[PDB]
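> Starting off with a structure, shown below.
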Ligand SMILES: *CC(=O)NC1CC2(CCN(C(=O)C3(Nc4ccc(Cl)cc4)CCOCC3)CC2)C1
Ligand SMILES: *CC(=O)NC1CC2(CCN(C(=O)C3(Nc4ccc(Cl)cc4)CCOCC3)CC2)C1
Ligand SMILES: [Mg+2]
Ligand SMILES: [Mg+2]
Ligand SMILES: [Mg+2]
Ligand SMILES: [Mg+2]
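What follows is the structure in structure tokens.
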């Protein structure tokens with residue numbers, strides 16, 4: 001999965 | 006801490 | 011609410027304790043209590059609120075993905091019929107997840123967003139609104155899917171417009187927003203080109219502004235920039 | 247109970263799904279439901295029950311230890327007075343922990359133990375009873391501390407007597423029991439010599455019986471033996 005903050 | 010199962 | 015009788019400062023103090031103990035459900039309940047006192051949140055308090063719910067829903071999403079994968083496999087050719095249990099349990103986890111998103115969105119609507127006048131607060135809350143509609147969209151399959159996706163897009167877009175007018179390109183909130191909206195485009199809106207363009211332009215405009223920063227601000231900004239780079243590397 | 251309307255097999259199936267999703271609270275609630283159907287548990291079902299509650303209370307204990315440490319520091323000379331919050335939150339986590347122990351002990355008393363006639367089931371349930379009294383003892387500070395400690399010791403001792411009569415020295419249940427009772431001695435009963443003697447004798451008697459085992463039984467037994475060795479290395 002892609003990085004989110 | 007010591008190992009328990 | 012069960013937190014109605016506790017002091018605002020006591021709720022914030024316990025949220026911090028719950029964070030240290032990695033008790034995120036507790037943290038979230040404390041921060042919900044604090045929001046419901048009706049006063050605006052400081053920068054630190056906004057971060058506690060986001061950390062708490064990010065962790066709770068993050069766990070739920072991971073669980074949902076495990077269960078959904080199992081359920082998909084069950085619906086493959088050759089798979090033996092195991093009854094309604096996998097669907098029922100995926101639905102249970104989904105409903106809980108939706109419940110938490112609805113809670114967070116509830117707090118933002120009543121009344122965090124309408125009272126947020128500074129760029130750093132308003133952009134932050136609108137980014138959260140985008141995020142929790144994005145999580146709802148991840149599990150959405152019915153008549154409202156399109157409207158959920160658009161509710162995410164609309165919140166992210168308003169946050170984006172403010173961030174571009176009112177914040178420097180290296181602002182960690184601006185960066186975080188761009189990172190997540192870019193993921194929205196890739197994973198939810200079926201717009202990988204938009205996702206890539208956004209991540210790239212955000213990265214480059216930040217790079218060109220790093221010279222204005224102190225050592226500590228540089229560290230903060232570059233951390234999030236590396237996450238944009240990580241996503242670009244994944245997608246290209 | 248909220249699980250009263252669900253099929254026994256459905257509860258077991260969902261417990262396994264909850265395990266895969268690392269949803270241990272759910273797992274535990276499913277297994278409690280299954281126990282409350284009133285039928286005896288198979289070997290696999292006993293393990294699901296123990297895994298679930300071990301994980302739930304394990305998390306609680308870690309959180310309790312964080313909070314207790316913070317609370318101790320607050321009561322040190324020079325520490326600024328921060329109010330009742332740290333004690334209140336430690337107490338909250340403690341009460342929840344005690345609640346879960348009481349639930350598990352409830353299940354064993356009504357009526358898992360009294361129906362357990364084979365060595366592998368009875369030793370297992372008595373070991374669990376020892377364990378959940380040991381967790382209660384970890385947080386106990388009042389008039390009942392001694393009786394809680396003795397309730398742990400009594401359960402562990404009965405399990406030990408059965409295990410020595412009815413199981414080979416390499417039996418993983420016998421090994422697991424000895425491991426935990428030895429920790430009981432070290433950490434709860436202030437008997438480090440007994441803890442060490444137990445771990446050592448258990449290890450040595452197992453070593454001498456490994457020759458009787460298959461490759462797979464050897465793997466299982468030696469895994470737990472290494473945990474005895476790990477504890478001995480910690481203590482000597
Ligand atoms: C007033 C203010 O800016 N407060 C907060 C925002 C803050 C920026 C730095 N942060 C981060 O780098 C991480 N979290 C995060 C969360 C939300 C947004 Cl919009 C941006 C960044 C934490 C560490 O991992 C990288 C992201 C922390 C929050 C300071
Ligand atoms: C019928 C039967 O024996 N069922 C279960 C007991 C079992 C032995 C092997 N196990 C283990 O080695 C671990 N868990 C454990 C839990 C409780 C006891 Cl009393 C002993 C052992 C899991 C892996 O890590 C080491 C301990 C699993 C349970 C098979
Ligand atoms: Mg649904
Ligand atoms: Mg553009
Ligand atoms: Mg107490
Ligand atoms: Mg002896």
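Residue numbers (my numbering), protein chains in the order written: chain A, 1 to 5; chain B, 6 to 10; chain C, 11 to 246; chain D, 247 to 482. We put the beta carbon where it would ideally sit given N, CA and C, even for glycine.
What residue does the alpha helix (DSSP H) around residue 37 of chain C start on, and which one ends it?
34 to 46
> Below 6 angstroms, is the gap between the Cβ of residue 104 of chain C and the nearest heavy atom of ligand 3?
yes
> At the level of alpha carbons, what is the spacing between residue 166 of chain C and residue 184 of chain C?
11 angstroms
> Looking at the unbroken alpha helix (DSSP H) that takes in residue 427 of chain D, where does it start and where does it end?
418 to 433
> Give the list of continuous alpha helix (DSSP H) stretches no shorter than 4 residues that lie fully inside the segment 346 to 415 of chain D.
365 to 385, 391 to 412
> Which first and last residues belong to the alpha helix (DSSP H) in which residue 2 of chain A is found?
Premise fails: residue 2 of chain A is in no alpha helix (DSSP H) and is neither H nor E.
> Does DSSP put residue 219 of chain C in a helix, a strand or coil?
coil
> Run down chain D in chain order and give the residues with a C-beta less than 8 angstroms from the C-beta of residue 33 of chain C.
309, 339
> Could you say which of C:96, C:72, C:87, C:173 lies nearest to residue 188 of chain C if we only look at CA atoms?
C:173
> May I ask you to check if the CB of residue 337 of chain D is nearer than 6 angstroms to at least one heavy atom of ligand 5?
yes
> Which chain A residues sit within Cβ distance under 8 angstroms of residue 234 of chain C?
5
> So, helix, strand or coil for residue 14 of chain C, using DSSP?
coil
> Quick check on residue 20 of chain C - is its C-beta less than 7 angstroms from some C-beta in chain G?
Looking for chain G here will not work: the only protein chains present are A, B, C and D.
> With respect to 6 angstroms, is the separation between the Cβ of residue 183 of chain C and the closest non-hydrogen atom of ligand 1 below this value?
Of the heavy atoms belonging to ligand 1, at least one sits nearer than 6 angstroms to the Cβ of residue 183 of chain C.
> If you follow the alpha helix (DSSP H) that residue 321 of chain D is part of, which residue opens it and which one closes it?
Residue 321 of chain D -> no alpha helix (DSSP H), and no H or E assigned at all.
> Any idea if residue 161 of chain C is buried or exposed, counting beta-carbon neighbours within 10 angstroms, 16 or more meaning buried?
buried
> Does ligand 2 have even one heavy atom less than 6 angstroms from the beta-carbon of residue 476 of chain D?
no
> Any beta carbon from chain D within less than 7 angstroms of residue 81 of chain C's own beta carbon?
no
> Given a threshold of 16 other Cβ atoms within 10 Å of its Cβ, counted over all protein chains shown, does residue 121 of chain C qualify as buried or as exposed?
exposed
> As a quick exercise: from D:279, D:310, D:327, D:454, pick the residue whose alpha carbon is nearest that of residue 384 of chain D.
D:310
> Near residue 115 of chain C, which residues of its chain fall below 6 angstroms by C-beta distance, leaving aside the five closest residues on each side in sequence?
Cβ within range, chain order: 142.
> Buried or exposed: residue 477 of chain D, going by 16 or more other Cβ atoms within 10 Å of its Cβ?
buried
> Kindly indicate if chain D contains any beta-carbon less than 7 angstroms away from that of residue 70 of chain C.
no
> Would you say the beta carbon of residue 377 of chain D comes nearer than 6 angstroms to a heavy atom of ligand 2?
no
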